[PDB]
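Colleague: Please see the structure below; I have some questions.
Each answer follows from the model by the rule given with it, or from the source it names; none is laboratory data. FYI the Cβ positions are ideal-geometry reconstructions off the backbone, even for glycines, and counts take in every protein chain you see.
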Amino acid sequence: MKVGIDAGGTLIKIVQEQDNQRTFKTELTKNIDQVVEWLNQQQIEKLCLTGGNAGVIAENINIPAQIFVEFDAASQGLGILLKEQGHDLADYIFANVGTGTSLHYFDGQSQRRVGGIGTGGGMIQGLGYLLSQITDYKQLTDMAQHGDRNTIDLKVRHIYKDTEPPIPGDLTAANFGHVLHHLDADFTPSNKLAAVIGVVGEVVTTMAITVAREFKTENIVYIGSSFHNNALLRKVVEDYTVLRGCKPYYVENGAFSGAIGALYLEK
Amino acid sequence: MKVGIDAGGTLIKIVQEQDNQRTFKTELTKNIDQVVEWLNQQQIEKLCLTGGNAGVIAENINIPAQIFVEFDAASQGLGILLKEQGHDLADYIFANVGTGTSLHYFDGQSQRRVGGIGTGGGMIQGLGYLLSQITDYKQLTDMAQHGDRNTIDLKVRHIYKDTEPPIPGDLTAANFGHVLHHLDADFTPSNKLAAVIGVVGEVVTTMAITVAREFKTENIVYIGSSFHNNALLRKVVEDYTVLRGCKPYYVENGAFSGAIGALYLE
Ligand SMILES: Nc1ncnc2c1ncn2[C@@H]1O[C@H](COP(=O)(O)OP(=O)(O)O)[C@@H](O)[C@H]1O
Ligand SMILES: Nc1ncnc2c1ncn2[C@@H]1O[C@H](COP(=O)(O)OP(=O)(O)O)[C@@H](O)[C@H]1O
């Protein structure tokens, strides 16, 4: 009975491994007390921890547990998941889009943190609440899917008008930039929520394509729970990566890269 | 009288020049018709245009005018201003933070667009209105200055708690990340406004420090009107640039590097 736990700022990713049988459990960081209660209830052969609140679990647990650096764990697990899903990538940039975004570069041997930004899921949830007053994650993300950004976001062509723009006119010039041109029109909580996800997506992708260029790689692997139930963010990210001449990748159970990695670093 | 005009998405920057003494005019893009009216009533030896709405002016004007690419003009006017103010920088990343942000690299000869982002002044104004129903620029920018982001932004140390973080704990982990931990506390339009400027600043600086590393340079020059009346954004940007081992620079009349550039170009 082997168990790996990535206790982040928002979600706790549990990976149970029994006689070559993987289980993917996901409880909130908000309800960490219930995760410790559960863990205490059973004998685990080897326990491996990673992420922010990994110490919290370690303190309140009455069982020994090894602790690993999330940056190294995420990379390990991603390697495992990519080759399992038939991806043989020599090099790549991997974006861990969690509460906040952590940018890494993998050179076929090891990872290196090459950047990070505070535009992740925590912003989708945070700014999402201030613009819709919705606290439920599913509800917020689902609401956002068919929202219109035309009245909210400003495009390059809107500034350049008839004039030939020096970069693609369809591109977003200014996020929320159109808001003051549409003071008459009602800003729907859907339209507004779409625009939050749009800016978060565009920032993560811009940062990701920049370091992909820097470390001379065309492969970008996107991981983290921010992608769960948010198909709009996935398309926002995916479409821009392609437009920036890069190859986007989404791994199944990629938000468990951390947790999986913890199990395969001890041995 | 030689005149340069950078007609952007939000502001029109006019720099008129008459015998080594300059004039720095600002008129809104909203009131472009008034700018054309004035120019038609002005005795201009040489007219140079740049930016988004440069064509609009050129069409409605009854005087010929040379049109230049803003990416090249900005670079030109910036170097004139840089040198004049005693900055002799070999190489430098320059961020033109206007309605939207554009990122360039200057190799002691010419510039190259190396990035861009939709997180500029247009976002401060746009998201600023949705979070405060304030349309007045000055008002929006002055309210933000005395705003607290503790209840709004999430820091690395908040996630890592007592555990030693793998990057500085004081750093912003997630913008608006704290909002759901403070649902009890009611979010002041000033606290909210500082968070908008904070994220805009942090995105521009992160992107700027990344390309500064990429094109092997430590100098970062920040320009655009987004810095006007917004001391908070300036400090947000300035402090992070330094923390990332880079040299930040703010040039006097930097938001005119486009209208200056246009004059001294061909
Ligand atoms: N059930 C959920 N509850 C809360 N946030 C969720 C949920 N599913 C996905 N998310 C998203 O995932 C983000 C956290 O990402 P995650 O990869 O788990 O990061 P961390 O490891 O820092 O907790 C949240 O900010 C939110 O966008
Ligand atoms: N009086 C003002 N009214 C509106 N915006 C202003 C004003 N002064 C400065 N700004 C700021 O400058 C930004 C535009 O910057 P600017 O350098 O003119 O770029 P652009 O060329 O895209 O117009 C605005 O979005 C706003 O944040």
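Colleague: If you go through segment B:59-75 one residue at a time, how many are assigned to a helix (DSSP H, G or I) and among the aromatic types (F, W, Y)? Spell out the reasoning first.
Modeller: Within segment B:59-75, the first condition is being assigned to a helix (DSSP H, G or I), and the residues that meet it are B:59-60, B:70-75.
Filter once more, so that each one left must be among the aromatic types (F, W, Y): B:71.
The qualifying residues number 1.
Colleague: I'm checking my understanding of the structure. Among residues of segment A:143-155 that are of a type in the set (A, V, I, L, M) and more than 8 Å from chain B (Cβ to nearest Cβ), which one is surrounded by the most Cβ atoms within 10 Å (Cβ to Cβ)? Walk me through how you get there before you give the answer.
Modeller: We begin by selecting, within segment A:143-155, every residue of a type in the set (A, V, I, L, M); these are A:143-144, A:152, A:154.
Of the ones still in play, those that are also more than 8 Å from chain B (Cβ to nearest Cβ) are A:143-144.
Details: A:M143: 19, A:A144: 27.
Once the filter is applied, the top-ranked residue is A:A144.
Colleague: Go through segment A:227-267 and count every residue that is within 16 Å of ligand 1 (Cβ to nearest atom) and of a type in the set (F, W, Y).
Modeller: Count: 3.
Colleague: Separate question: What's the number of the only condition in (1) of a type outside the set (A, V, I, L, M); (2) away from chain A (no Cβ under 12 Å); (3) out of contact with any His (no Cβ under 6 Å at 6 or more places or on another chain) that B:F94 fails to meet?
Modeller: (3)
Colleague: Right, next: Report, by residue number, each residue of segment A:192-202 that is out of contact with any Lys or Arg (no Cβ under 6 Å at 6 or more places or on another chain) and facing chain B (nearest Cβ under 10 Å).
Modeller: Selection gives A:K192, A:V196, A:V199, A:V200, A:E202.
Colleague: Here's another thing I want to ask about it. If you take the residues of segment B:1-29 that are under 25 Å from B:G100 (Cβ atoms) and free of Cβ contacts under 8 Å to residues at least 24 places away in the same chain, which of them is nearest to ligand 2 (Cβ to nearest atom)?
Modeller: The qualifying residue nearest to ligand 2 (Cβ to nearest atom) is B:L28.
Colleague: Something else: With B:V211, B:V196 as the choices, which residue is buried (at least 18 other Cβ atoms within 10 Å of the Cβ) and closer than 26 Å to A:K192 by Cβ?
Modeller: Answer to the check: B:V196.
Colleague: Right, here's the next one. So, in segment A:98-109, exactly how many residues are in contact with a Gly (Cβ under 7 Å, 6 or more places away or on another chain) and outside any loop (DSSP other than H, G, I, E, B)? Full working, then the answer.
Modeller: Our first condition is that a residue be in contact with a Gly (Cβ under 7 Å, 6 or more places away or on another chain); within segment A:98-109, this holds for A:98-103.
Add one more test, that the residue is outside any loop (DSSP other than H, G, I, E, B), and what stays is A:101-103.
Within segment A:98-109, residues that are in contact with a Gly (Cβ under 7 Å, 6 or more places away or on another chain) and outside any loop (DSSP other than H, G, I, E, B) number 3.
Colleague: Against the conditions (1) surrounded by fewer than 15 Cβ atoms within 10 Å (Cβ to Cβ); (2) more than 16 Å from ligand 2 (Cβ to nearest atom); (3) farther than 30 Å from A:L265 by Cα, where does A:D107 fall short? Just the number, please.
Modeller: Of the numbered conditions (1) surrounded by fewer than 15 Cβ atoms within 10 Å (Cβ to Cβ); (2) more than 16 Å from ligand 2 (Cβ to nearest atom); (3) farther than 30 Å from A:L265 by Cα, the odd one out for A:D107 is (3).
Colleague: Being away from ligand 1 (no atom under 16 Å from the Cβ), within 14 Å of A:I159 (Cβ to Cβ) and in the same structural domain as B:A7 (by CATH), is that true of even one residue in segment B:38-51?
Modeller: Among the residues of segment B:38-51, at least one is away from ligand 1 (no atom under 16 Å from the Cβ), within 14 Å of A:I159 (Cβ to Cβ) and in the same structural domain as B:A7 (by CATH), which makes the answer yes.
Colleague: Please work out if B:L78 is part of a strand (DSSP E or B) and buried (at least 17 other Cβ atoms within 10 Å of the Cβ).
Modeller: Details: part of a strand (DSSP E or B): no; buried (at least 17 other Cβ atoms within 10 Å of the Cβ): yes.
Against the criterion (part of a strand (DSSP E or B) and buried (at least 17 other Cβ atoms within 10 Å of the Cβ)), B:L78 does not qualify.
Colleague: Regarding B:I134, is this residue farther than 16 Å from B:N230 by Cα, more than 17 Å from the chain's Cα centre (by Cα) and either within 16 Å of ligand 1 (Cβ to nearest atom) or crowded, with 17+ Cβ neighbours inside 10 Å (or both)?
Modeller: Spelling it out, it is not the case that B:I134 is farther than 16 Å from B:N230 by Cα, more than 17 Å from the chain's Cα centre (by Cα) and either within 16 Å of ligand 1 (Cβ to nearest atom) or crowded, with 17+ Cβ neighbours inside 10 Å (or both).
Colleague: Failed condition for A:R244, given (1) buried (at least 17 other Cβ atoms within 10 Å of the Cβ); (2) in contact with an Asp or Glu (Cβ under 9 Å, 6 or more places away or on another chain), with all others met?
Modeller: (2)
Colleague: Only one residue in A:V35, A:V56 is more than 22 Å from A:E84 (Cα to Cα), more than 14 Å from chain B (Cβ to nearest Cβ), away from ligand 2 (no atom under 16 Å from the Cβ) and part of a helix (DSSP H, G or I). Which one?
Modeller: Numbers: A:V56 fails: more than 14 Å from chain B (Cβ to nearest Cβ).
Being more than 22 Å from A:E84 (Cα to Cα), more than 14 Å from chain B (Cβ to nearest Cβ), away from ligand 2 (no atom under 16 Å from the Cβ) and part of a helix (DSSP H, G or I) holds for just one of A:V35, A:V56, which is A:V35.
Colleague: Which of the residues spanning segment A:98-122 are under 18 Å from the mean Cα position of the chain (by Cα) and either away from chain B (no Cβ under 11 Å) or closer than 16 Å to A:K216 by Cβ (or both)? Spell out how you get there, then give the answer.
Modeller: Step one: list which residues in segment A:98-122 are under 18 Å from the mean Cα position of the chain (by Cα), which gives A:98-106, A:111-122.
If the condition is that a residue be under 18 Å from the mean Cα position of the chain (by Cα) and either away from chain B (no Cβ under 11 Å) or closer than 16 Å to A:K216 by Cβ (or both), then A:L103, A:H104, A:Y105, A:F106, A:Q111, A:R112, A:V114, A:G115 are the ones that fit.
Colleague: Considering segment B:110-152 alone, what residues qualify as being of a type in the set (S, T, Y), within 16 Å of ligand 2 (Cβ to nearest atom) and part of a loop (DSSP other than H, G, I, E, B)? Before you say what the answer is, go through the steps one by one.
Modeller: Restricting attention to segment B:110-152, the residues satisfying the condition of being of a type in the set (S, T, Y) are B:110, B:119, B:129, B:132, B:135, B:137, B:141, B:151.
If we keep only those that are within 16 Å of ligand 2 (Cβ to nearest atom) as well, we get B:119, B:129, B:132, B:135, B:137, B:141.
Selection gives B:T119, B:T135.
Colleague: Residue check, A:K83 against (1) assigned to a loop (DSSP other than H, G, I, E, B); (2) more than 10 Å from chain B (Cβ to nearest Cβ), all met but one. Which one?
Modeller: (1)
Colleague: Same structure, new question: Which of the residues belonging to segment A:15-32 are surrounded by 12 or more Cβ atoms within 10 Å (Cβ to Cβ) and outside any strand (DSSP E or B)?
Modeller: If the condition is that a residue be surrounded by 12 or more Cβ atoms within 10 Å (Cβ to Cβ) and outside any strand (DSSP E or B), then A:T29, A:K30, A:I32 are the ones that fit.
Colleague: Listed residues B:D170, B:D184; which is free of Cβ contacts under 8 Å to residues at least 12 places away in the same chain, out of contact with any strand residue (DSSP E or B) (no Cβ under 6 Å at 6 or more places or on another chain) and more than 9 Å from every other protein chain (Cβ to nearest Cβ)?
Modeller: Being free of Cβ contacts under 8 Å to residues at least 12 places away in the same chain, out of contact with any strand residue (DSSP E or B) (no Cβ under 6 Å at 6 or more places or on another chain) and more than 9 Å from every other protein chain (Cβ to nearest Cβ) holds for just one of B:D170, B:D184, which is B:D184.
Colleague: Here is a follow-up. Please state which one of B:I209, B:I220 is touching a residue at least 12 places away in the same chain (Cβ under 8 Å), away from ligand 2 (no atom under 16 Å from the Cβ), over 26 Å from A:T29 (Cα atoms) and within 11 Å of chain A (Cβ to nearest Cβ).
Modeller: Every option except B:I209 fails the conditions.
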